[PDB]
Structure formats: structure tokens, C-alpha cells
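>>> model the structure of this input:
(8 chains, ligands or ions: 17)
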Amino acid sequence: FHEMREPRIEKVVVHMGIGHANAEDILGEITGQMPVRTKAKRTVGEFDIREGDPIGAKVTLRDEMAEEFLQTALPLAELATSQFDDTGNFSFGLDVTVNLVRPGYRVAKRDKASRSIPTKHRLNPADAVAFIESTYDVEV
Amino acid sequence: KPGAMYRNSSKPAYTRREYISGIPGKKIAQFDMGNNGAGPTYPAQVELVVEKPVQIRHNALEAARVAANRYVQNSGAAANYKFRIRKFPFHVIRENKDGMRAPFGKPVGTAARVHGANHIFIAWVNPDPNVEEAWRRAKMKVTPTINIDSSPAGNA
Amino acid sequence: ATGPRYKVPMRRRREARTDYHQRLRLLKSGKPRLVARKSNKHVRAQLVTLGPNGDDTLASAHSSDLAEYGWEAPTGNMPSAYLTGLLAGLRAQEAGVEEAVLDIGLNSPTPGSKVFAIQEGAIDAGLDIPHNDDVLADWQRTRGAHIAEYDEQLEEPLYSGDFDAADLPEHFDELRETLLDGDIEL
Amino acid sequence: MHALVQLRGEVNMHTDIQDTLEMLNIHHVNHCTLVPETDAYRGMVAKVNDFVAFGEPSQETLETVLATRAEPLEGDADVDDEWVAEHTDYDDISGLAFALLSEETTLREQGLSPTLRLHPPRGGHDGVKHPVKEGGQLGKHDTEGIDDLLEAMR
Amino acid sequence: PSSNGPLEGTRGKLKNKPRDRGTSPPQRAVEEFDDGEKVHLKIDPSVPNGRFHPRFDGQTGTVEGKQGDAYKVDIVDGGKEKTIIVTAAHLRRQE
RNA sequence: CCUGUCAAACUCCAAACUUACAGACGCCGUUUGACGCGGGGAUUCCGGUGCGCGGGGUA
RNA sequence: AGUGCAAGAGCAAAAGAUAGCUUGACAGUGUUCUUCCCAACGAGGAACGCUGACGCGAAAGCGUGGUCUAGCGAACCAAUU
RNA sequence: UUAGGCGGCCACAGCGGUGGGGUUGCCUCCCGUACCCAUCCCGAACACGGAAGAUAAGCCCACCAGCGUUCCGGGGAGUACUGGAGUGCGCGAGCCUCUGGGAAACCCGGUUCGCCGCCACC
Ligand SMILES: [Cl-]
Ligand SMILES: [Cl-]
Ligand SMILES: [Mg+2]
Ligand SMILES: [Mg+2]
Ligand SMILES: [Mg+2]
Ligand SMILES: [Mg+2]
Ligand SMILES: [Mg+2]
Ligand SMILES: [Mg+2]
Ligand SMILES: [Mg+2]
Ligand SMILES: [Mg+2]
Ligand SMILES: [Mg+2]
Ligand code: NA
Ligand code: NA
Ligand code: NA
Ligand code: NA
Ligand code: NA
Ligand code: NA
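Residues are numbered from 1 along each chain as shown, chains lettered A, B, ... in the order given. Ligands and ions are numbered 1, 2, ... in the order given. I have put the structure below:
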């Protein structure tokens, strides 16, 4: 049963929501791989009328690249609880989000016969705190 | 202007406010009278039943309702009874007020289409039918001949 | 689901199995379809025709019943794909089928992909299929060379027990060779 | 098998109704025809329901009418037992009549005009402004109902 | 009519019931008919091409050859004979 | 939750009915030639009323 | 939601969005419907072909301008190819 | 069909939920990036190569009707409406009779948790 039910880290997105950049450089070193532009939608008063327009970057880290990052990120954070997803996720911080899920997630991310993950097989906020807290730190 | 000009249900239903503007406001003051705080928990229930499909201008609805409720003060401003006029004047009515050239009239009012046998009013009273009298006065101000019907009330 | 007005996709679209827009385009040719499908461990190749109550498969080949002819290697690879195509292609010919269009279902038209390998095989079997040569693999990769060289960077057998340690793109030739004459079910 | 009698004229009656009567071989008031009870025939008689009188007649009545108002496809000739015997498959009027009623044959099949041109009802009919159930003479009749009319128009 | 375009008064006939909404099945857009076959003309709201003038919706013609993939159906408009160019998507076999 | 009402330019529903094609019966046509084809000659393009369904209009 | 603009309709592995590439908004000639129900009538419009040349795509295939219904103009005369 | 591939009808198949299933064979999750191929950044996906592990997802199998849907019984209802007819009624609006058709809402009880085709296969 377990082993295929036990949480794991799938991607950690580090993005800097600026409003118009030079910031990519730090993201590349803080993570270890090229950042991606962040175009915006809708015309708005914050002199942000441009539809297609660089206004921040992000970086999606997977596997070791994600751990080796969290092995310093997490420490720089305190928070927990309430600040957690209903799906077992949490964002802290410059933003650093951590997407958590169980083994058979590809079923919902593949092209052929894809399917949505059953609520039961989903990851709860609780089952999430446990996994992470059980990896170099404390909850609340 | 006379009821003669609008009491018949011969024209098409004309009620789409999305295509009609300048509709006068209804003169009907309220639809729920009496103790509206309480629910129909009364022994007796009389109803005023219209006997012929007709159109009833909001004019007549108001006069009919006032004349009935204004009288239902044989029971007191805070008496124990509830009165309800279930119909609303949806049908918009016009007048061609040039002669018969470009005659589609301009909105002048509204009316409620009632089909023979429907009840336009319903009152709820304890064995104290002063209401039966409030209606002899109500159907006095509406086009049709009417039937004062009592439902829960085998207390004759 | 929500109400009377709710629109529920066709079953095969719910199941995320059939691309109906592509299917119509495919059926336009009025020719038989060469259904190229894959599995983590196998590769299937069918020749389907249109029917009153659904499609009719007139000829097929599965990477599994490949061994039935002397295959002693894995079946989820390039050489496997090609041979299954050729195998289905031949049974196809036997069935009186001369041409077909390449249906790769939900797969991607990536160059040198297994589906195209399947296509190459079916074509060599004798089947006339609309294609484009420089989207196919360069023969060697079809033989299984990319895997042999990959095992050259050995230190540990690419194949857990299986057959050979250094693998055999030659085993590939022996088989293709076999399929090109006589034998049962062909 | 029902007996059909047109009791209302053509003036002002729907054309598609008139054409139905005409398809049923009746082209004048008081003219009568015998029609099998089938789905096809049923719809036709229903369409014509308001300008006609119909019902199943008794063996006797049909015989009386047959004898009194039957005619050859062409000519004056009286259709009597002898005529019937020397010209049809049957031996006498009764035999023909039973055949018609049991819908085994038709006036044409036996060389007879499909139409029985009756006489105005002796004593008059019950009116052409109301159906039978209302005291009139239109619509489906009783076997006893039809007989009376037929006999009065013998 | 206040206008006289081909789609005048076609709100109903060229509209799908909410549930039949969305791309239609390809099976019927590929059906093949033979010359002489009777076919019912009915536009498919979901299929833009291969259409015929809305007025002919409901007609039952006779397939008499084809043009391209489209078919040529003969129908009689009132008392006039007419040839309609229409694709399988909008046809059905009679009986 | 409870409770009071509506739609020519609303529709989860939905007739009667109108209609395409086909078969059946009927009627009709093969000396009264129908269905149809080609040609000659018009008149006609102020209409009106009843009934059903209407749209406008106090009428 | 979006799809240039009325209104009604069509559209979700798209007819929408993003990216890239491309010029089929191509020349020639027809079939049919429409304009004008039935039922004759021009310009115009559309649908669907073919011949030729191309674009894209692995390919089936799609592209006869914009998802569909408005955005149009005779003879004579001029300029133009 | 002890799990598969392509489909037809396109909710009777949707939504939600329960239980069961892989010892050599299948589907998967799964493991892994030298290659073909790939991410405006990530072998996530796509693609390729592969079995250490698992039946927890998916999937297949058995089942539940609470919601949504399809069809049926009984009731609503031969009601509403309506094709044909009337020297029937009504000041009129309109109604009635005969004849031929015939609904919707809703309630109560059943049904429905897909059916079928081709191919492959201890
Ligand atoms: Cl596949
Ligand atoms: Cl057309
Ligand atoms: Mg004679
Ligand atoms: Mg006398
Ligand atoms: Mg009389
Ligand atoms: Mg309409
Ligand atoms: Mg009509
Ligand atoms: Mg177009
Ligand atoms: Mg001039
Ligand atoms: Mg010029
Ligand atoms: Mg399980
Ligand atoms: Na004037
Ligand atoms: Na009165
Ligand atoms: Na559709
Ligand atoms: Na033209
Ligand atoms: Na960019
Ligand atoms: Na499982």
C-alpha cells in the first residue's frame, strides 16, 4: 500500500513578481538554471497596460535541483499551518512555492488517457505537514 | 381613461422590458398585508376569485386592494389576519396619443392578466370573516364579476 | 452532470483516447488506417477499416508475438517497433490490403519516433503509405545501434539477465531477414 | 363495411373534403356508397364525417336498397336476382349483399356502379346541422339508425 | 421578413439543443452514398461546411453523382426541379 | 429554507397541425393520351365578404 | 471567455489563446444554389469542383480571405494589363 | 476482453461513493537520460532506454441512486391546447356539443452507476 502513497516534492517555483528584469540573474544563482519571463494579462493603471510584457520571472525546479534549493530555502522560513494548501502545498517568502503530491501524479499530467487524481489519493494539508516537518524543521 | 380601453386580453403579451422603456411605475403599494410576520396558520381562508379572464390595470389593483384592506380595519391596524394580492401587472399597455399613421402607441401603464377562476386576493382570518365584506368592496373596483370563495372553513 | 443543459463529451474523448478532429481528417483519405500504438513494454500496429457498427481490423501485429519468430530481446524499443510494423504490414498484404494512412493517435510526430519506425516497417512490407523519409530514423537507430553503443558505456549490463551483455542489432537483421520469406501467419 | 350517404351539398365545403367524397364515388347529394372498414377508408370517412351519414346496414336493408337502387356499370337494367345471377358470381341479391357486407367483393368487381343513387328520405331526415347524438342526421349511425335512413330513401 | 438573407428566420432550424452541442461525430460526415439513393437533407448546426440553402431543410432527394467530396442531390422545390450540392455531414439515408 | 408572480423579440419540455420522400387503398390516364414538352392568343397586376389565425388601433 | 462590427447562430486536444512560418486575399474555367420560395428576371453573393502554380504539415489534409448570414453598381467613355 | 488496441451510438454512458484484482503472461504507476526527440525554465510534459519495486492512482471487475439523465406504471388528465362540423349558449369577451388528435409541470413507484461492433489474448 505505502511507498506509492508516500508524499514527494514535485517542482518548487521561485518567482519574483516585479512590475516591469535585472532580477533574473539572482534567480539563476539562487536556483541553478535559467529563469523564465513573466508576461502579464490585462491593461491596468500601474502603467501596466502592455499585454505581452516582461514583468517578472520564475523558475521551476525538479528533483535534486528542488531539494538542494529547499535545503536553504526552508531554513529561511518559519511559518506553517493555515499557510498550507488544501492540496498539501505551501508558498513562503521573492516567492518560493512547493508542490507536493503522491507517486501516480503523471496520470493527470500525461497526454494519453490522462485523468484527474481521486480526492482520496490527493494529498491533505495534514499529510503534507508531516512529510516536510519530517525533513529538517518544525510545523506551525 | 376608461377600463374599456384595456380590459380585454386580445393583444400579444407585451412584457419584455429589454425592448420597452418608459414604463410607468405601479401604484400598487403592497402585496402582503396584515401580520406578514406570521405564516398562514389560520383556521379560515377566504379568496376573491375572478370570473372572466380580463386585464386589470395597476390602477384598479390599488383601488381594489386599498378599499379591502383599508376596510379590514374593522379588526385594527395591527389586527390578526393576513391579506395577499397574488397578481402583478406585468403587461405593458400603450395608447396612440398623425392619426392612424405610425400608430404604435407610447407606454402609458401596466395591467395584470387574470384568467377566469384564479384567485386575485386571499385573506387569512380566525372565525371573524369581516374579510367577506372587505371583498364585496374589492370586486366593486375591478372589471369582472367575482366569486367570494372560502376554503379552510367548515365553521358555518 | 450538472443539469439537463449540460454537455457531456463523447465517451472516447472523456477517456482521452480518440482525437476526433484528427480522426475525421484521417478518414478523408478513404484508405485503411495504419494504427500505430505504444505501451511501456510493447508496440502494436493494426490496419483498420471503417464499419457499420465500428472499425474493422483486417490485419494486426503486436511486439509480443514477435518472439514467436525468434525475438529474444526487449519489445519496447525501435527495432521492435519496426519489425511489428513489417509483421503487420505483411499480414496486411496477405489480407489483400494495398494502401493505408498513418494514424498515430495521441502520440507526437517526433522525427525518428517509434510510430514512424512502425510506418517504415509497414511500408517495406509492401504497403503503400503517404510518408516523408527524412522524418524517419537513419536505419542504424532502427537496427538498435543507439542501444548497443549505450551498452558500450557499460560497467553494468543494460539488460537485466535478458539476452547478451553488449546487445545485438544483428539479432534485428536476422529477424527482418526471416520475416521476408515464407513462415506461418504471414 | 359501412354505407355512406352524402347529406350536405358541395357549396362551401372544403375542397379537400369534396375531393374525398369524389374518391369515394359520391358526386351528388343523397348518393350512397359501400365502403370497407380499413384504416385507409376510415380516415377518409372521418374527414367527410360532417357532410355525410354512415353506419353498417343490416343484411335485409342492404338487400332492399341493392334491389331498389343498384345499377350496372352502364345502362338502365334493373339489378334483380336474375340480373345478379346472370351477371355476377352470386346467385341472387342476398348472395351479393352478404358478400359486400363481409367485404369479400365490391359493386365494381361485380360490374355494378359503385354508387347507389337513393331517393330523398320519405318523411325527411333528422337535420343536417346536428350529429346523431344531438338528434341530427350527420355522422356514424346505429345499424338500426342507418337502416331507417336507408329504408326511408329506398 | 425585414431582411432577405439566406439565414433569415433560421434561428431555430440552425440551432442545436444544448446537449447536441459541440463537434459532431465523424462517422456520418464520411458516409458514402450511391446514385439513386434517397437521402434526407438536414443541416447539422455543428458542421459549417457542405451546407445548402436553409429552405431545403427537410427535403428528401435522390443522390445523383457527386462533385468533389460533396454530393449532388436532386430535389423538387414546389414544382421546380433543383440540384443541391451537399456533403454527407448533412445527409441521412431514407428508411 | 419558506413564500408571491411573468415573457412577441425566454425555453428543461411540447402538441394539434403544416410539410419532403416512399409503399398501400382510393380516384384518375393509356380510341376521352393523363404526367410532361414546344409553340400561338389573351385577360389580369383598384378587389370585396364570411370563418379560423392573426399584427396595429379606444374603436 | 474569446472569436473586428447589429442580431441570431457555430466553435474547447477548437473555429478561441500563444509561438513560429507563410501569402490560397493566387491565375484560368466551370457546376449549383441564391439574388427572384413556388415561378421568368441582371449586377452582386455563396457553396462545391476542375486545370495550373504555391504555402504549411510526418501525413491524411487544410488554405477558392476574415466561423455564418450586411460592407454594393449597367451601357457608353477614359485610364490601366 | 485475470486488466489490451481501434471504434459505433454519444449521460441508459454524467457527478459522487464502496468493495475486489496482478506468483511466469498484459496495462499502468514506476526507474532512468548515451542516443532520435524535447521544455520561450525545468527528461513535469513530449521522446527515447529500461524492469528494482507497487497494485496506492489510473485501468479492469463487482456494487450503491443522493444529484443529473433515459425509459415505464399509476395519478395529474383525456385536463391544457387543437384539425373538421353546428340556425348550440352568451350584450360581449368568450363558451358549449359532436368528430379526429392530445401535452407540460409535479407527486408516488420502478428503470438507468452504459449497450454494441472488429481485432488481439491462458
Ligand atoms: Cl500509442
Ligand atoms: Cl442549396
Ligand atoms: Mg349509368
Ligand atoms: Mg312531405
Ligand atoms: Mg330540417
Ligand atoms: Mg419561430
Ligand atoms: Mg405553418
Ligand atoms: Mg470561410
Ligand atoms: Mg452616361
Ligand atoms: Mg483606370
Ligand atoms: Mg486498489
Ligand atoms: Na404626419
Ligand atoms: Na365588477
Ligand atoms: Na454536434
Ligand atoms: Na449570378
Ligand atoms: Na519572450
Ligand atoms: Na491500482
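
>>> C-alpha from now on. contacts and neighbour counts both.
Noted.

>>> counting neighbours, what do you get for the residue of chain D found nearest RNA strand F?
Residue nearest to RNA strand F within chain D: residue D:23 (3.9 Å; CA to the nearest atom of the strand). Residue D:23 has 11 neighbours, counted by other CA atoms under 10 Å in any protein chain shown.

>>> separation between the closest residue to ligand 3 within chain D and residue D:36?
Nearest residue of chain D to ligand 3 (CA to the ion) works out as residue D:74 at 4.2 Å. For residue D:74, the distance to residue D:36 (CA to CA, to the nearest Å) stands at 23 Å.

>>> SS state for the closest residue to residue C:73 other than its chain neighbours?
Using CA to CA, 6 or more residues apart in numbering or on different chains and skipping the chain neighbours, the partner closest in space to residue C:73 is residue C:163 (6.5 Å). Residue C:163 falls in the coil class when you classify it by DSSP: H, G, I helix; E, B strand; the rest coil.

>>> could you tell me which residues of chain B lie near ligand 14?
Applying CA under 5 Å from the ion, one finds that chain B does not approach ligand 14 at all.

>>> which helix runs longest in chain B?
If you go by DSSP state H, chain B has its longest helix at helix B:58-69.

>>> strand partners (parallel or antiparallel) of the helix or strand just after that one?
Next helix or strand after helix B:58-69 toward the C-terminus (DSSP states H and E): strand B:82-85. Within its sheet, and counting by DSSP bridges, strand B:82-85 is paired with strand B:32-34 (antiparallel), strand B:119-125 (antiparallel).

>>> shouldn't residue A:13 be within a strand?
Yes - secondary structure of residue A:13 (three-state DSSP): part of a strand.

>>> contact partners for it?
A:58, A:59, A:60, A:61, A:95, A:96, A:97, A:98 (CA atoms under 8 Å, 6 or more residues apart in numbering or on different chains).

>>> which one of these sits closest to residue A:76?
residue A:96 (10.8 Å; CA to CA).

>>> what are the bridge partners for the residue lying closest to the closest one once chain neighbours are set aside, then?
Nearest residue to residue A:96, sequence neighbours excluded (CA to CA, 6+ apart): residue A:14, at 4.4 Å. Per DSSP bridges, the residues bridged to residue A:14 are residue A:59, residue A:96.

>>> kindly report the same for residue B:46.
Applying DSSP bridges to residue B:46 gives these bridge partners: residue B:123, residue B:150.

>>> that one is in contact with residue B:151, isn't it?
Yes - with contact defined as CA atoms under 8 Å, residue B:46 and residue B:151 form a contacting pair (6.0 Å).

>>> the more surrounded of those two?
More crowded of residue B:46 and residue B:151, by other CA under 10 Å: residue B:46, with 22 against 11.

>>> so how far is residue B:128 from that one?
In terms of CA to CA, residue B:46 sits 11 Å off from residue B:128.

>>> and residue C:39, how many residues sit next to it?
The number of residues packed near residue C:39 is 10, by other CA under 10 Å.

>>> ok, and the closest non-adjacent residue to it?
residue C:76 (7.3 Å).

>>> which residues does the one you found contact?
C:39, C:40, C:41, C:42, C:43, C:63.

>>> go ahead and build a ChimeraX selection from the buried members of the residues you listed.
This is how ChimeraX selects the buried members of the contacts of residue C:76, with burial counted by 16 or more other CA atoms under 10 Å in any protein chain shown:
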select /C:42,43,63
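
>>> in strands only, show me the contacts of residue C:76.
residue C:43 (DSSP state E).

>>> now for the contacts of residue C:76: which two are most distant?
C:40 and C:63, at 11.5 Å, using CA to CA across those.

>>> quick check: which element contains residue D:64?
Applying DSSP H and E, one finds residue D:64 within helix D:59-69.

>>> do residue A:54 as well
Residue A:54 belongs to no helix or strand, assigned by DSSP H and E.

>>> state the distance from it to chain E.
37 Å (CA to the nearest CA, to the nearest Å).

>>> which ones are touching residue D:63?
Here residue D:63 is in contact with D:93, D:94, D:97 (CA under 8 Å, 6+ apart).

>>> could you do residue C:46 as well?
Residue C:46 neighbours (CA under 8 Å, 6+ apart): C:33, C:34, C:35, C:36, C:57, C:58, C:59, C:60, C:61, C:88.

>>> same list, these, but as a markdown table with distance to residue D:85 please.
Shown next, in a markdown table, are the contacts of residue C:46 (distance: CA to CA, whole Å):
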| residue | distance to residue D:85 |
| --- | --- |
| C:33 | 76 |
| C:34 | 80 |
| C:35 | 80 |
| C:36 | 84 |
| C:57 | 73 |
| C:58 | 72 |
| C:59 | 76 |
| C:60 | 79 |
| C:61 | 83 |
| C:88 | 82 |
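
>>> which ones among the residues you listed lie within strands?
C:33, C:34, C:35, C:36, C:57, C:58, C:59, C:60, C:61.

>>> of those, which are in range of ligand 3?
Of those, not one also sits near ligand 3 (CA under 5 Å from the ion).

>>> so how many other residues sit close to the closest residue in space to residue A:105 that isn't next to it in sequence?
For residue A:105, ignoring the flanking residues on the chain, the nearest one in space by CA to CA, 6+ apart is residue A:117 at 7.1 Å. Neighbourhood size, residue A:117 [other CA under 10 Å]: 16.

>>> quick check, residue A:117 in contact with residue A:109.
No - in this structure residue A:117 lies outside contact range of residue A:109 using CA under 8 Å: 9.9 Å.

>>> among the contacts of residue D:63, which are in helices?
Using DSSP H, these in helices are D:93, D:94, D:97.

>>> top of these by neighbour count?
Result: residue D:97 is most packed of those (other CA under 10 Å), 25 neighbours.

>>> ok, longest helix in chain C?
Under DSSP H, chain C gives helix C:78-94 as its longest helix.

>>> with only the CA atoms kept, save it in PDB.
C-alpha atoms of helix C:78-94 as PDB (Å, rounded to 0.1, in the frame of the first residue of the first chain):
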ATOM      1  CA  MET C  78      12.900   1.000 -32.000                       C
ATOM      2  CA  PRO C  79      13.900  -2.300 -33.600                       C
ATOM      3  CA  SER C  80      10.900  -3.900 -32.000                       C
ATOM      4  CA  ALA C  81       8.600  -1.200 -33.400                       C
ATOM      5  CA  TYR C  82       9.900  -1.500 -37.000                       C
ATOM      6  CA  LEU C  83       9.500  -5.300 -37.100                       C
ATOM      7  CA  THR C  84       6.000  -5.200 -35.600                       C
ATOM      8  CA  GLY C  85       5.200  -2.800 -38.400                       C
ATOM      9  CA  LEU C  86       6.700  -5.000 -41.000                       C
ATOM     10  CA  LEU C  87       4.900  -8.000 -39.500                       C
ATOM     11  CA  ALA C  88       1.500  -6.300 -39.500                       C
ATOM     12  CA  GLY C  89       2.400  -4.900 -43.000                       C
ATOM     13  CA  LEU C  90       2.900  -8.500 -44.300                       C
ATOM     14  CA  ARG C  91      -0.300 -10.000 -42.800                       C
ATOM     15  CA  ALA C  92      -1.900  -6.900 -44.200                       C
ATOM     16  CA  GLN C  93      -0.700  -7.700 -47.700                       C
ATOM     17  CA  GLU C  94      -1.900 -11.300 -47.300                       C
END
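
>>> perfect, that will be all.
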